[PDB]
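Both counts, for ligands and for their atoms, begin at 1 and track the order of listing. The basis for the numbers below is simple: all heavy atoms, side chains too, and nothing from hydrogens, waters or symmetry mates. Residue numbers start from 1 in every chain, and the chains themselves are labelled A, B, ... in the order their sequence lines are given, proteins ahead of strands.
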Amino acid sequence: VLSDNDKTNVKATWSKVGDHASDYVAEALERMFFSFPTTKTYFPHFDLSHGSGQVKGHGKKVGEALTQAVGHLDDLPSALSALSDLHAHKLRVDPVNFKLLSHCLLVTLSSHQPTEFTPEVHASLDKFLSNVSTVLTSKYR
Amino acid sequence: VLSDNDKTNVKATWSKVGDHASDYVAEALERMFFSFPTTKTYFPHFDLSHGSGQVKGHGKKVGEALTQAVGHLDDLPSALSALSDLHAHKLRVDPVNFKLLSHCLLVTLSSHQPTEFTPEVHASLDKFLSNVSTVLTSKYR
Amino acid sequence: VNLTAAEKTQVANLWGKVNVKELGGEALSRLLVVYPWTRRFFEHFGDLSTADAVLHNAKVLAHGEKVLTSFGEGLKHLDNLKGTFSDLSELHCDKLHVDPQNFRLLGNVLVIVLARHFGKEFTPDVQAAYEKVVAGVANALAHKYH
Amino acid sequence: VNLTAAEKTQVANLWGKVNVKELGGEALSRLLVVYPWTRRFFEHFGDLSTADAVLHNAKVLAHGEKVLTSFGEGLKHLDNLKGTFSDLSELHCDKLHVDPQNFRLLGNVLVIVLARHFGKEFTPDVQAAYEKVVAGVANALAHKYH
Ligand code: HEM
Ligand code: HEM
Ligand code: HEM
Ligand code: HEM
């Protein structure tokens, strides 16, 4: 579980993202697909071009899951259990790809909220996204 | 925490290593220093040549810690807490290096106990060494 | 790759004793058992649902022989791994989009398999030579990503 | 590195607006804050005991300007990163023994720093170009390990 200081920073940052969560996560997914084209092969069923309704819809869902995580930092395994089964068992997502999406979430937050994105906030958000990624890949134990 | 099946495999394998633990870990450390010379810089105070008393002594200590871990699979954070502080806070060991030592432990076990080192035993031991490594680097949260 | 002359002969001597059918099936099946996400690339080989399914999969075992035969082509061309693996880099990067971290994992499993079969013969010095070789093969296969 | 012509001009245009003193201190200090084991290599720069110590360390901040100046030398020689970084690869690999994974982490932090300063200008297309560049610089700096 995240340290107290990191939990505080993550909840502060997420509160400042506010209603921009779905737009920012959709942008993070676009950044991942553009920068790391290997990741596109998990979404052959989507239109991945800019302005994609499927990517926008998906960003909203992923943003909702991250909002749930920020509310359940002490029980991420249970809060995310169905998503862990989806990503590790059904989809077999390569663990490297969670790093790529986490990096693109940090790029997106840094670009949109530069004053808020201090080195300490960066460190706490990196730890939050690592902990979410660890839970989503837990089947690989 | 490791799954039941993995705990069983790890305790079976460690029991078969038995009194060879100190010799096998010392060999794993030698394999790491020979194969991955970047790791030698954490031990400038040791003679790292073959037959080193310091490497042999160290292998015994690391083997003892692994034996403790195999006995405390449900509370690795507490069982290894002083070692976590040593490796992440005092020594600042790069997380990549735990992968290198874990791989060299698997090479050493596979070489010495080939019949015992099945694909399922390999998978369970890889997960055990990942979980020990995660606890030892937990300060990097 | 920069192998000493002593390491070049260690590498070539051990490889001369390798059963590429037995050890290549073993290496690829261990990759899919130990790092299960790699099964995503082989779903068209049939049942990969459990480790026991992977270990009995005739296509996975046959494919592993192809992979070790290709590693042996690397060993013959240590001065030109990039060219030796050019076509295969295009396949894995441009067609299959395998993340190149996985190439390192398969090299890890190959070293473990060699240790299992060679025992005391796979000394720390012989391992270190193979570690240089599998790093160079991985880097070469990743070239089309660079 | 293979940049399109459009990506070559995006990279060069953004770099023309970079304050290498401000962003280079920021990048190196963020590496040491976010990935604390990297402090091991800089212990001789004085107090690195806390993030606040890292962020106020005059030597860490000055050193970061050197690092970004060297990245800018890469940008001038995208066709020959290996040669441009040869000497620095020897230093980091042969003298300092920095694990090359860390080169990728510093590139990650540089992309984040560019995004912070350039905002809406650091579009997904401009990021993708920089991702190719920092991957190529990392691979080049790691060459003496190969
Ligand atoms: C922070 C990391 C992630 C989170 C929180 C996240 C969350 C989610 C959520 C909430 C869903 C929808 C689940 C449902 O409809 O029941 C989903 C689906 C999916 N995710 Fe992720 N995910 C993450 C990382 C990744 C990565 C790294 C990849 C691959 C590069 C990935 C690939 C997929 C795919 C292919 C689907 C199914 C998409 C569809 O058919 O609509 N996810 N994820
Ligand atoms: C499974 C992983 C590891 C375990 C279980 C382990 C365990 C231990 C133990 C038991 C000690 C002695 C502690 C004491 O004397 O109080 C120790 C010390 C030390 N370890 Fe590790 N370690 C691991 C990985 C690593 C790695 C990957 C490195 C660096 C490559 C490392 C570098 C060191 C160093 C430099 C010392 C102090 C040595 C001395 O001065 O005698 N350890 N470790
Ligand atoms: C890094 C060492 C590797 C070597 C030397 C290697 C070698 C080869 C070779 C020789 C082929 C057959 C080429 C042909 O028929 O034209 C092949 C195909 C393939 N490789 Fe690899 N490979 C490596 C790693 C991997 C990894 C790590 C993965 C996935 C996790 C992978 C996935 C595949 C797939 C999916 C095929 C095509 C299978 C099919 O025929 O449908 N390879 N590889
Ligand atoms: C990958 C991108 C990097 C670039 C372009 C880079 C660039 C440079 C440059 C230009 C120097 C000064 C060279 C000289 O004075 O001759 C240097 C020194 C150094 N670099 Fe890096 N570096 C990189 C990554 C890293 C990483 C990731 C680390 C450690 C985690 C590191 C640790 C050092 C150290 C310890 C020095 C010597 C400091 C001293 O003067 O005592 N470098 N680097």
Side-chain angles (χ1 to χ4, degrees), chain A residues 25 28-29 32-33 36 38-43 45-46 54 57-58 61-66 68-69 80 82-83 86-87 90-91 93-102 105 129 132-133 136, chain B residues 25 28-29 32-33 36 38-43 45-46 54 57-58 61-66 68-69 80 82-83 86-87 90-91 93-102 105 129 132-133 136, chain C residues 28 31-32 35 37-42 44-45 59 63 66-71 73-74 85 87-88 91-92 95-96 98-107 110 134 137-138 140-142:
Chain A
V25 179
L29 284 166
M32 179 189 69
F33 296 140
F36 303 108
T38 55
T39 61
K40 291 188 307 177
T41 70
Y42 286 87
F43 302 85
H45 54 306
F46 283 19
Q54 279 164 303
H58 207 59
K61 293 171 195 191
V62 175
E64 292 163 333
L66 292 174
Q68 287 306 122
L80 302 173
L83 293 176
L86 177 56
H87 285 80
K90 294 288 319 290
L91 296 169
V93 186
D94 184 325
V96 171
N97 287 331
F98 293 86
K99 300 178 186 302
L100 301 181
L101 178 61
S102 292
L105 289 158
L129 292 168
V132 172
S133 293
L136 297 177
Chain B
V25 179
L29 284 166
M32 179 189 69
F33 296 140
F36 303 108
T38 55
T39 61
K40 291 188 307 177
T41 70
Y42 286 87
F43 302 85
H45 54 306
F46 283 19
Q54 279 164 303
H58 207 59
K61 293 171 195 191
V62 175
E64 292 163 333
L66 292 174
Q68 287 306 122
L80 302 173
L83 293 176
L86 177 56
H87 285 80
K90 294 288 319 290
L91 296 169
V93 186
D94 184 325
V96 171
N97 287 331
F98 293 86
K99 300 178 186 302
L100 301 181
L101 178 61
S102 292
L105 289 158
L129 292 168
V132 172
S133 293
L136 297 177
Chain C
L28 191 64
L31 182 78
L32 272 58
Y35 302 109
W37 61 93
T38 59
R39 294 174 204 180
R40 181 188 172 242
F41 298 96
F42 298 99
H44 58 299
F45 286 12
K59 194 157 184 176
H63 192 72
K66 303 181 190 191
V67 175
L68 247 65
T69 292
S70 185
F71 267 99
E73 283 302 316
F85 291 99
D87 288 350
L88 277 169
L91 169 69
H92 283 82
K95 316 274 256 161
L96 305 166
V98 178
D99 195 280
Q101 175 59 225
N102 297 300
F103 303 154
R104 300 80 205 246
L105 298 182
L106 182 52
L110 177 56
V134 300
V137 168
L141 244 218

Would you mind listing which atoms of ligand 2 come within a distance below 4.0 Å of any non-hydrogen atom of B/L101?
-> 2 (C), 23 (C), 24 (C)
Which is it for A/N97 and ligand 1 at heavy atoms under 4.0 Å: side chain, backbone, both or neither?
-> both
For ligand 1, does A/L83 get within less than 4.0 Å through its side chain, its backbone, both, or neither, judged by non-hydrogen atoms?
-> side chain
Looking only at non-hydrogen atoms, which of [options] approaches [atom] most closely?
atom                    : options              : result
atom 35 (C) of ligand 1 : A/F36, A/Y42, A/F33  : A/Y42
atom 4 (C) of ligand 1  : A/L136, A/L29, A/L80 : A/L136
atom 32 (C) of ligand 2 : B/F46, B/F43, B/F98  : B/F43
atom 29 (C) of ligand 1 : A/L66, A/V25, A/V93  : A/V93

Side chain [X], main chain [Y], donor-acceptor under 3.5 Å:
X     : Y     : value
A/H87 : A/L83 : yes
A/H58 : A/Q54 : no
C/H63 : C/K59 : no

Determine whether the side chain, the backbone, both or neither of B/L86 has a heavy atom under 4.0 Å from any heavy atom of ligand 2.
-> side chain
Ligand 2 contact on B/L91 by region, counting heavy-atom pairs under 4.0 Å = side chain
Proximal ligand 1 atoms for A/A65, defined as those under 4.0 Å from one of its heavy atoms | 10 (C)
Could an N or O of ligand 1 be found under 3.5 Å from any N or O of A/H45, whether backbone or side chain?
-> yes
Quick one: look up the protein heavy atom nearest atom 1 (C) of ligand 2 and list residue, atom name and how far away it is.
-> B/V132 CG1, 3.9 Å
Where on C/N102 is there a heavy atom closer than 4.0 Å to ligand 3, on the side chain, on the backbone, on both, or on neither?
-> both
With heavy atoms under 4.0 Å as the rule, classify the contact between C/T69 and ligand 3 as side chain, backbone, both or neither.
-> neither
Residue A/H87, metal atom 21 (Fe) of ligand 1, N/O/S under 2.8 Å = yes
Is there any N or O on B/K61 that sits under 3.5 Å from an N or O of ligand 2?
-> no
